[PDB]
Amino acid sequence: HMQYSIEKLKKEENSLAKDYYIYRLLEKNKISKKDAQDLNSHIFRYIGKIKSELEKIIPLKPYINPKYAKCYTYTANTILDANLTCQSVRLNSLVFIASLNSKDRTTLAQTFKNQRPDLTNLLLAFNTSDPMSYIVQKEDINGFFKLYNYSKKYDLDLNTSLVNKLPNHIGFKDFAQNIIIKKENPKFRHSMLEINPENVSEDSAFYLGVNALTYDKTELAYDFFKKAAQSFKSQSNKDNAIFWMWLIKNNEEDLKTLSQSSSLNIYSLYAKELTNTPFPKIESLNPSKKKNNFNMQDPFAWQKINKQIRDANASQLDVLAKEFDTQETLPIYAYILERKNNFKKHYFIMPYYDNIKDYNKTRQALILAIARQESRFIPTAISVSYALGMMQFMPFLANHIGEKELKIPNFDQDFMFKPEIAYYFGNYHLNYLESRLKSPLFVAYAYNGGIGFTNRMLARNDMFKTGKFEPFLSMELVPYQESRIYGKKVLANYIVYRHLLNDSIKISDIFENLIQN
Ligand SMILES: CC(=O)N[C@@H]1[C@@H](O)[C@H](O[C@@H]2O[C@H](CO)[C@@H](O[C@@H]3O[C@H](CO)[C@@H](O)[C@H](O)[C@H]3NC(C)=O)[C@H](O)[C@H]2NC(C)=O)[C@@H](CO)O[C@H]1O
Ligand SMILES: CC(=O)N[C@@H]1[C@@H](O)[C@H](O[C@@H]2O[C@H](CO)[C@@H](O[C@@H]3O[C@H](CO)[C@@H](O)[C@H](O)[C@H]3NC(C)=O)[C@H](O)[C@H]2NC(C)=O)[C@@H](CO)O[C@H]1O
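Residues numbered from 1 in each chain as written, not as in the entry; some residues may be left out. Chains lettered and ligands numbered in written order. Heavy atoms only, no water.

X-ray crystallography is the method the PDB entry states for this structure, with the resolution given as 2.3100 Å.

As for the site of ligand 1
Around ligand 1 there are 15 residues in total, and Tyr-335, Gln-373, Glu-374, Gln-392 and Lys-489 lie nearest to it. Between ligand 1 and the protein, one listed contact pairs an oxygen atom with a side-chain N or O atom of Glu-374 at 2.7 Å. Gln-392 has a polar side-chain atom sitting 2.7 Å from an oxygen atom of ligand 1. Considered on its own, ligand 1 offers 790 Å² of accessible surface; in the complex 68% of this is hidden by protein. (Near = heavy atom within 4 Å. Polar contact = N/O pair within 3.5 Å; in protein donor to acceptor, adjacent residues only side chain to side chain. Areas by Shrake-Rupley, 256 points an atom, 1.4 Å probe, with all protein chains shown as cover.)

Quick notes on the packing of helix α23 (residues 419-437) against helix α25 (residues 451-459)
Orientation of α23 relative to α25, taken along the N-to-C sense of each, is 10 degrees, at an axis distance of 12 Å. Taken together, α23 and α25 sit at an angle that is classed as roughly parallel. Within the contact between the two elements, α23 uses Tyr-432, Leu-433, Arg-436 and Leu-437 and α25 uses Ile-451, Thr-454, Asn-455 and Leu-458. Of the residues belonging to the contact of α23 with α25, the class tally is five nonpolar, two polar and one charged. (Axes fitted to C-alpha atoms, helices over the stretch in contact; angles between N-to-C directions. Helix = DSSP H or I, 4+ residues; strand = E, 2+ residues; numbered from the N terminus. Parallel < 35°, antiparallel > 145°, perpendicular 65-115°, else oblique. Contact = heavy atoms within 4.5 Å. Nonpolar A, V, L, I, M, F, W, Y, C, P; charged D, E, K, R; others polar.)

What to know about the layout of surface pockets
Put simply, the second largest pocket is a space of about 700 Å³. Among the elements that make up the lining of the second largest pocket, the one with the highest residue count is helix α24 (residues 440-449) (four residues). Residue composition of the lining of the second largest pocket, by class: 17 nonpolar, eight polar and two charged. (1 Å grid on protein atoms, 1.4 Å probe; cavity = no way out; pocket = protein on both sides within 12 Å on 5 of 7 lines; lining within 4 Å. Points joined across faces, edges and corners; volume = space filled by probe spheres on them.)

Focus on the environment of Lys-281
By secondary structure assignment, the location of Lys-281 is in the loop between α17 (266-274) and α18 (299-310). The exposure class of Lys-281 is exposed, given its relative accessible area of 65%. Counting along the chain gives 200 residues from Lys-281 to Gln-481, while the straight-line C-alpha distance between them is 30 Å. (Buried < 20%, exposed > 50% of the residue type's maximum accessible area, 1.4 Å probe, protein only.)

Some remarks on the pattern of salt bridges
Counting across every chain of the model gives 18 salt bridges. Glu-13 is the partner of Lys-304 in a salt bridge, and the nearest nitrogen-oxygen pair spans 3.9 Å. Linking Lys-304 in helix α18 with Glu-13 in the loop between α1 (6-9) and α2 (16-27), this pair joins segments that are 291 residues apart in sequence. The exposure class of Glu-13 is partly exposed, given its relative accessible area of 46%. Of the charged contacts in the structure, one is a salt bridge between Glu-219 and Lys-249, with a shortest N-O distance of 3.0 Å. With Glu-219 in helix α14 (residues 218-231) and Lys-249 in helix α15 (residues 235-249), this pair connects stretches of sequence that are 30 residues apart. The exposure class of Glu-219 is partly exposed, given its relative accessible area of 45%. (Salt bridge = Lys/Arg side-chain N within 4 Å of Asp/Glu carboxyl O.)

Here we look at the packing of aromatic side chains
This structure, assessed with the given rule, holds 39 aromatic pairs. Measuring from ring centre to ring centre gives 4.8 Å for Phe-243 and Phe-472, while their planes differ by 65 degrees; the resulting arrangement is edge-to-face. Highlighted residues: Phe-243 in helix α15 and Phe-472 in helix α26 (residues 472-476), separated in sequence by 229 residues. Classification of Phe-243 as buried rests on a relative accessible area of 1%. Between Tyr-270 and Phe-511 the ring centres are 5.1 Å apart and the planes differ by 90 degrees, which places this aromatic pair in the edge-to-face class. Within this pair, whereas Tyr-270 is found in helix α17, its partner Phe-511 is found in helix α28 (residues 507-512), the two being separated by 241 residues in sequence. Among the residues examined, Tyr-270 registers a relative accessible area of 13% and is labelled buried. An aromatic cluster of at least three residues, connected via ring pairs, comprises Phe-206, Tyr-207, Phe-225, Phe-232, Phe-243, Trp-244, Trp-246, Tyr-267, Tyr-270, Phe-469, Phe-472 and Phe-511. Above the plane of the ring of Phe-96 lies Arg-90, whose end atom (NZ or CZ) is 4.5 Å from the centre. Positioned over the ring face of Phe-348 is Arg-372, at 3.7 Å from the centre of the ring. (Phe/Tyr/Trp six-rings, centres within 6.5 Å; stacked < 30°, edge-to-face > 60°. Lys NZ or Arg CZ within 6 Å of the ring centre and 35° of its normal.)

Quick notes on the site of ligand 2
Around ligand 2, the structure places 13 residues, and the nearest of them are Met-394, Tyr-447, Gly-450, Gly-452 and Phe-453. Here ligand 2 has 810 Å² of accessible area as a free molecule, and 59% of this is covered by the chains. For the shell around ligand 2, the secondary-structure elements that each account for two or more residues are α22 (395-405), α24 and α25.

Some words on the packing of α24 against helix α27 (residues 481-500)
Interaxial distance between α24 and α27 falls to 8 Å at its minimum, and their mutual angle equals 135 degrees. By the angle class used here, α24 and α27 are oblique. As for the relative orientation of α24 and α27, their crossing is right-handed in sense. Taking contact as the criterion, the partners of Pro-440, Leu-441, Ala-444, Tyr-445, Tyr-447, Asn-448 and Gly-449 in α24 are, on α27, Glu-482, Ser-483, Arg-484, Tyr-486, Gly-487, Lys-488, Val-490, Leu-491 and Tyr-494. Here the contact of α24 with α27 is built from residues that sort into nine nonpolar, four polar and three charged. (Left-handed = near helix turned anticlockwise from the far one by under 90°.)

A closer look at empty space enclosed by the protein
Taken as a whole and judged by the stated rule, the model has two cavities of 30 Å³ or more. By volume, the largest cavity amounts to about 80 Å³. If you trace the largest cavity, you find it lined by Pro-331, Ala-334, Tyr-335, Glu-338, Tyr-347, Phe-348, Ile-349, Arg-372, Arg-376, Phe-377 and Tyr-497. Put simply, the second largest cavity is a space of about 40 Å³. When its residues are assigned to classes, the lining of the second largest cavity shows six nonpolar, three polar and one charged.

Comments concerning the environment of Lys-489
As for its position among the elements, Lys-489 is in helix α27. The exposure class assigned to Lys-489 is partly exposed, which follows from its relative accessible area of 43%. Taking the C-alpha atoms as reference, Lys-489 lies 46 Å from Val-89; in sequence the two are 400 residues apart.

The structure is reproduced here in structure tokens:
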């Protein structure tokens, strides 16, 4: 490999690459207390392992606004001795409110009834055995979400008037998504059958459709999915909603509209196959030029050219298109062309093909499918979790395969930035997953979320079994959003690559194999 001292890193631009190499120093204990002093301002994304690792060296004291400093010297026993500003600041915390004695909640409720009746409602609510039931009786919507955030355990029936107020609050999106996907708060869930589709849109409308289906309310479901179809920004999400309109009410205009979609996704591909519509046009990228001056193995060069491409006018893109129109830079070319045709055309490149042409055509397609979604084939790709290269191996996994299993001499996790190694480790890991899971959809779930996650999901008696709307409904209820989306996208990619390799499979065969018989 190649190493970077903290001093060389401090001279590179802030980026995930620089963060990755700082994290490597921290995990090998190579950052002194002295080196760590100014280090916060050299970190692009100060979240997760790099933060908990830096704070083992230089602990951070949780920020308190100097205006309110004196407000945090009071406790539940002395809050009545604080000025009215301090009293109102401390009451932002429901935990603080829960900690007060009931007589001091009655006193502060009276004090704030006039200018802050939100605080009065929460104080008087915690003087009852069911704060949620009190807040719901007041139809205090801000209080409702502050309570939900304090504890997910509150559950109560909500009437038509109250549930139709919830969508107007910022918190409604996450609330509806989490309780429907996690199958928690059954009374909240049942209550959301009465939300007017007029009052919701986009993701929330869609999840309220999935909710209606779980109660076999097919009419309410169609209406939610239709509103989702009308309001969603991305054609891919519209297609998903229109598919549900079709599956529930079987109007052949919905399926026609879906078969004619400019988005390539499992729903449009399926609709095309049901209507004997031809397979969509795939762009053909074949640059004659061999190489250029750019190092595809320099993670720092990628992070920098990535930013330039994001922030380029039409004029600079046409200059970048020409520079990067080579076989060695094909994945960057495809990325520039995607931005330059304003995301209208279908690019499914097959770079470093020599490394996979000896595997059977089905395996080539799964590898390419995963690589396209993982990295867009960028060899030095780095995730916010520092998953590495074209196939986005987490370090623990790259090291387990490289060191324990393959005993590669002088193995370093940065070998995942080499196409040869990424494709090779991809094949090796896919043999592990495919031997246990079979379906390329299940393999996709396990590649992104893990075989543990996937085994526990498939073992549930309500996931990927026989039913009216299966396996489509199961694909909407995969409990980890990243994995739910990853499966749909990789499956679409798999169908396309199998077509380009003259090893076509019908997506309807894939869907039949998802139901465990
Ligand atoms: C080269 C480039 O910037 N291309 C654009 C794409 O980035 C963009 O879609 C997103 O691609 C990235 C990979 O570049 C995807 O990130 C990966 O997500 C998977 C899980 O799905 C995760 O396991 C990987 O670690 C992660 N990789 C990295 C490097 O973080 C991301 O999920 C894609 N976005 C979506 C919505 O799926 C496409 C489409 O907008 O545009 C290209 O121009
Ligand atoms: C491509 C990539 O890096 N993907 C990551 C996932 O692999 C990872 O999920 C976890 O993967 C490991 C490695 O396969 C799983 O560990 C295995 O667990 C089984 C039983 O559950 C055990 O018998 C195996 O011996 C063990 N192998 C090793 C080498 O430890 C682990 O279970 C997966 N985790 C879950 C929650 O399923 C995920 C999340 O860590 O990240 C991906 O990026």
